[PDB]
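Participant: I'd like to ask you about the structure that follows.
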Amino acid sequence: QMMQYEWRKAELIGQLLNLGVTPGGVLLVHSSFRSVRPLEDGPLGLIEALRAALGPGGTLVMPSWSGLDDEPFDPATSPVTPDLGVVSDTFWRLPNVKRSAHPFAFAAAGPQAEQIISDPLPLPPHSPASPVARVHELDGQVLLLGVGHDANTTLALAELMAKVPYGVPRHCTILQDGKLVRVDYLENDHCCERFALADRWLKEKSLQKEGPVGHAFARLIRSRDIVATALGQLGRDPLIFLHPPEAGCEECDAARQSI
Ligand SMILES: CN[C@@H]1[C@@H](O)[C@@H](O[C@@H]2[C@@H](O)[C@H](O[C@H]3O[C@H](CN)CC[C@H]3N)[C@@H](N)C[C@H]2N)OC[C@]1(C)O
Ligand SMILES: [Zn+2]
């Protein structure tokens, strides 16, 4: 890399429309700016383009969780976990952006933002009555921006809706009446590598639009299409996302013992 094209706002809008983003809808965005860059206006230019594509009637949504099990969450100050990217960390600090008030936070901006983020602490994080399920309920679109289905949180929601038989102990920390309270729960967590199987599943039914957004390979799928397709596979095999024991994956092995 050396003298690469720095996409302007109008071009990014065109790439988003050409990919299938429709005005006035709900759009959940997972992004890796390292794949998107360089843009003319940096990470902020990507957010501005996403919102200009959705128009004033649409709602931009992004993950916003802190990734910290032992610290309480503050929607006004808690940084997002570094694994979510700089765009998610910057998005929630912008004006009029709403954020959920629990460590498994999402952020949203638009006429439907508070229908998406105004739920209390969900257990498990991606259960119903959580932001990722509200996006599914609101029939929104999911856009992966330089990341694969290993970052498609909607697939973890599909795992729960299938009542998948694995669940490992996890915990977070909240502030109740001024004292730090830890909250233990069971999460359907593994290595997430085999989430990539959704590529072939969704493409075989022609449910995944692909194209460039900036410099990144972008995948655009409906939330209902992600859940329905994943449920169809989990209905054939609930352990489809876990590595076989021969693979030696520690985390998937831990999920297998939890059954
Ligand atoms: C906030 N609680 C979290 C807990 O929810 C969990 O979150 C997992 C995360 O650890 C996994 O991370 C796993 O996969 C990563 C790459 N995708 C690499 C690291 C691996 N442990 C994610 N794949 C799925 C999350 N829901 O990670 C442990 C934790 C920090 O206690
Ligand atoms: Zn694994």
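Within each chain, counting starts at residue 1; across the structure tokens, chains are named A, B, ... in the order shown, with ligands numbered 1 upward in that order.
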I need the residues of range 17-177 of chain A that end up classed as strand (DSSP E or B) by DSSP on the backbone, written out as JSON, numbers by chain.

Facilitator: {"A": [26, 27, 28, 29, 30, 31, 39, 59, 60, 61, 62, 63, 98, 99, 106, 107, 108, 109, 141, 142, 143, 144, 145, 168, 169, 170, 171, 172, 173, 174, 175, 176]}

Participant: Quick one: write out the picked residues with C-alpha atoms as an mmCIF file, in the first residue's frame?

Facilitator:
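After the write, result_3.cif holds the following:
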data_model
loop_
_atom_site.group_PDB
_atom_site.id
_atom_site.type_symbol
_atom_site.label_atom_id
_atom_site.label_comp_id
_atom_site.auth_asym_id
_atom_site.auth_seq_id
_atom_site.Cartn_x
_atom_site.Cartn_y
_atom_site.Cartn_z
ATOM 1 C CA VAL A 26 -32.376 -0.484 10.205
ATOM 2 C CA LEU A 27 -28.725 -1.275 9.487
ATOM 3 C CA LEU A 28 -26.462 -3.171 11.900
ATOM 4 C CA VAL A 29 -22.818 -2.619 10.943
ATOM 5 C CA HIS A 30 -19.770 -4.606 12.037
ATOM 6 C CA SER A 31 -16.623 -3.058 10.605
ATOM 7 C CA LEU A 39 -11.166 7.239 3.215
ATOM 8 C CA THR A 59 -31.334 3.859 11.947
ATOM 9 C CA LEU A 60 -27.621 3.055 12.086
ATOM 10 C CA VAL A 61 -26.727 0.405 14.682
ATOM 11 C CA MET A 62 -23.335 -0.883 15.836
ATOM 12 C CA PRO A 63 -22.003 -3.077 18.646
ATOM 13 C CA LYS A 98 -28.195 6.442 21.823
ATOM 14 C CA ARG A 99 -26.450 3.637 23.694
ATOM 15 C CA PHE A 106 -25.128 -1.615 21.275
ATOM 16 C CA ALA A 107 -25.403 1.912 19.899
ATOM 17 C CA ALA A 108 -27.998 3.340 17.537
ATOM 18 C CA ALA A 109 -29.048 6.603 15.898
ATOM 19 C CA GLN A 141 -30.108 -5.467 7.438
ATOM 20 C CA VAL A 142 -26.704 -6.655 8.657
ATOM 21 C CA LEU A 143 -23.586 -5.340 6.930
ATOM 22 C CA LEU A 144 -20.164 -6.896 7.514
ATOM 23 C CA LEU A 145 -17.448 -4.398 6.547
ATOM 24 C CA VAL A 168 -20.313 -22.115 29.513
ATOM 25 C CA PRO A 169 -20.224 -20.006 32.709
ATOM 26 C CA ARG A 170 -19.488 -16.323 32.139
ATOM 27 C CA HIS A 171 -20.060 -13.232 34.255
ATOM 28 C CA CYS A 172 -20.215 -9.441 34.215
ATOM 29 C CA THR A 173 -20.332 -6.681 36.831
ATOM 30 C CA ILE A 174 -23.103 -4.161 37.495
ATOM 31 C CA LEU A 175 -23.648 -1.386 40.037
ATOM 32 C CA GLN A 176 -26.762 -2.049 42.132
#

Participant: Neighbours of residue 34 in chain A within 9 Å (only C-alpha atoms; same-chain residues fewer than 4 positions away dropped), as a ChimeraX atom specification?

Facilitator: /A:38,85,146,216

Participant: Export N, CA, C and O atoms of the chosen residues as a PDB file, in the first residue's frame?

Facilitator:
ATOM      1  N   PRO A  38      -7.940   3.531   3.019  1.00  0.00           N
ATOM      2  CA  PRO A  38      -8.134   4.947   3.364  1.00  0.00           C
ATOM      3  C   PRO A  38      -9.406   5.577   2.801  1.00  0.00           C
ATOM      4  O   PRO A  38      -9.774   5.334   1.653  1.00  0.00           O
ATOM      5  N   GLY A  85     -13.418  -2.402  16.933  1.00  0.00           N
ATOM      6  CA  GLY A  85     -12.907  -1.467  15.953  1.00  0.00           C
ATOM      7  C   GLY A  85     -13.087  -0.016  16.369  1.00  0.00           C
ATOM      8  O   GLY A  85     -13.825   0.323  17.298  1.00  0.00           O
ATOM      9  N   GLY A 146     -15.406  -5.613   6.034  1.00  0.00           N
ATOM     10  CA  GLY A 146     -14.041  -6.023   6.275  1.00  0.00           C
ATOM     11  C   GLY A 146     -13.886  -7.102   7.318  1.00  0.00           C
ATOM     12  O   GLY A 146     -12.757  -7.381   7.739  1.00  0.00           O
ATOM     13  N   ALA A 216     -12.914  -2.207   1.392  1.00  0.00           N
ATOM     14  CA  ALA A 216     -13.223  -3.448   2.084  1.00  0.00           C
ATOM     15  C   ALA A 216     -14.211  -4.305   1.302  1.00  0.00           C
ATOM     16  O   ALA A 216     -15.103  -3.800   0.616  1.00  0.00           O
TER      17      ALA A 216
END

Participant: If we count only C-alpha atoms and set the cut-off at 6 Å, which residues sit around residue 12 in chain A, ignoring sequence neighbours fewer than 3 positions away in its own chain? Please answer as a ChimeraX atom specification.

Facilitator: /A:9,15,49

Participant: Okay, now the selection with C-alpha atoms, as a tab-separated table (two decimals), in the first residue's frame?

Facilitator:
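Result went into result_15.tsv, see below:
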chain	number	residue	atom	x	y	z
A	9	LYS	CA	-18.52	10.66	0.85
A	15	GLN	CA	-21.01	1.86	-3.00
A	49	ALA	CA	-21.74	7.89	4.48

Participant: Give the answer as one residue: which of A:217, A:194, A:212, A:238 has the shortest atom-to-atom distance to ligand 2, using only C-alpha atoms and all ligand atoms?

Facilitator: A:194

Participant: Write as a short mmCIF file (atom, residue, chain, number, x, y, z; two decimals) with C-alpha atoms, in the first residue's frame the residues around ligand 2, taking 8 Å as the cut-off and counting only C-alpha atoms and all ligand atoms.

Facilitator:
data_model
loop_
_atom_site.label_atom_id
_atom_site.label_comp_id
_atom_site.auth_asym_id
_atom_site.auth_seq_id
_atom_site.Cartn_x
_atom_site.Cartn_y
_atom_site.Cartn_z
CA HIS A 190 -16.84 -20.89 21.36
CA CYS A 191 -14.09 -19.90 18.91
CA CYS A 192 -16.62 -18.60 16.30
CA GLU A 193 -14.36 -19.73 13.43
CA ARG A 194 -17.01 -22.03 11.96
CA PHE A 241 -20.50 -24.39 14.79
CA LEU A 242 -18.18 -26.31 17.14
CA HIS A 243 -14.89 -27.76 15.97
CA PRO A 244 -14.61 -31.56 16.05
CA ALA A 247 -9.37 -30.16 15.75
CA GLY A 248 -8.11 -29.60 19.29
CA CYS A 249 -9.85 -26.24 19.65
CA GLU A 250 -9.82 -25.45 23.37
CA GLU A 251 -12.93 -23.25 23.38
CA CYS A 252 -15.11 -25.54 21.26
CA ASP A 253 -13.93 -28.44 23.42
#

Participant: For the helix (DSSP H, G or I) assignment from backbone DSSP, which residues of range 28-235 of chain A qualify? Please present them as a PyMOL selection string.

Facilitator: chain A and resi 33-36+42-54+82-84+86-91+114-117+131-137+149-151+153-161+193-204+223-234

Participant: I'd like to know which of A:156, A:87, A:132, A:255 is closest to ligand 1, using only C-alpha atoms and all ligand atoms.

Facilitator: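 Between A:156, A:87, A:132, A:255, the residue approaching ligand 1 most closely is A:156.
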
Participant: Between A:116, A:218, A:46, A:254, which has the minimum distance to ligand 1 (counting only C-alpha atoms and all ligand atoms)?

Facilitator: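 Of A:116, A:218, A:46, A:254, the one nearest ligand 1, counting only C-alpha atoms and all ligand atoms, is A:254.
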
Participant: Can you tell me how far CA of residue 220 in chain A sits from atom 30 (C, counted along the ligand's line) of ligand 1, in Å to one decimal?

Facilitator: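 CA of residue 220 in chain A sits 27.2 Å away from atom 30 (C, counted along the ligand's line) of ligand 1.
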
Participant: Tell me which of A:19, A:138, A:117, A:196 sits closest to ligand 1, counting only C-alpha atoms and all ligand atoms.

Facilitator: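 Of A:19, A:138, A:117, A:196, the one nearest ligand 1, counting only C-alpha atoms and all ligand atoms, is A:196.
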